[PDB]
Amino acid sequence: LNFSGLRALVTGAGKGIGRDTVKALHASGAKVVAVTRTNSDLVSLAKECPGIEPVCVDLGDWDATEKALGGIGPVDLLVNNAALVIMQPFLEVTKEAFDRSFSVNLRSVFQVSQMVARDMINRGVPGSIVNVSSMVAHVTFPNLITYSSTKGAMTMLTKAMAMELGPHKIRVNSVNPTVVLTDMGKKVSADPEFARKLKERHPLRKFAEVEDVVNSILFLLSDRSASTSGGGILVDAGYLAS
């Protein structure tokens, strides 16, 4: 697509979906701000995509995030992608797991989104925000109760953001994928027997590719989805239909 003249911000840009989203946006002419936790991931990325603006910060830290992004400038496109999975059965969920999960998976989405939306509103420009969610915001998954809860909350966050920012020409949508074999996908489907039966339950008999997720993100960021806001696109290989 063509994002020339647009500036995008992608969180969780060091690995997986976020990294490939930065690469796709960079190839489409967008000026990209790449935010992630491990600096070495930004070092290699800047070598691969010359011209990106790296920002190393722990999005789970509100103060640090404010200091790091408070002054990054005009952002036209935002991809809230950073998240972490702390797998624990319900009866074993700890206070720390809950706190870390909501801070990174959801609180950072409120924070970065408000900073970016304020800017958009100030300049008087339309905008598009994509919240990377999961199919687990709708279906259950073993050992993912805390993570699922952060995605379920994201569903309403996306809906309410769309309602409140809509009058400002800002669209907000989510992408809800099934398992994607990045570091996170390999972690959750670690059990070979589980993965097997899990894949089998998918109508398409496969897991999603990173490319499939990146494609939906770009579609929602582009003007090709000008009347799409408030809901999401399932990249679940048909899992919800199972």
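Note that residue numbering follows the sequence shown and begins at 1.
As recorded in the PDB entry, 119 to 127 is the stretch of 156 to 164 and 119 to 127 with the greater mean C-alpha temperature factor. Relative to one another, 193 to 201 and 50 to 58 have unequal mean CA B-factors, and 193 to 201 is the one with the higher figure.
Of the candidates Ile217, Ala27, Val179, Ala64, the PDB record gives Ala27 the highest C-alpha temperature factor. In this entry, the residue among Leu84, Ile72, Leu77, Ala97 with the greatest C-alpha B factor is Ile72. Among all modelled residues in this chain, the alpha-carbon of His138 has a temperature factor (C-alpha) in the middle third.
The entry lists a Cα temperature factor for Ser174 that places it in the lowest third of the chain's modelled residues. Split the chain's modelled residues into thirds by C-alpha temperature factor. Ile145 is in the lowest one.
Among the modelled residues of its chain, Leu6 has a C-alpha B-factor that falls in the highest third, as given in the PDB entry.
Placement of the Cα temperature factor of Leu106 within the chain: lowest third of the modelled residues, per the deposited record.
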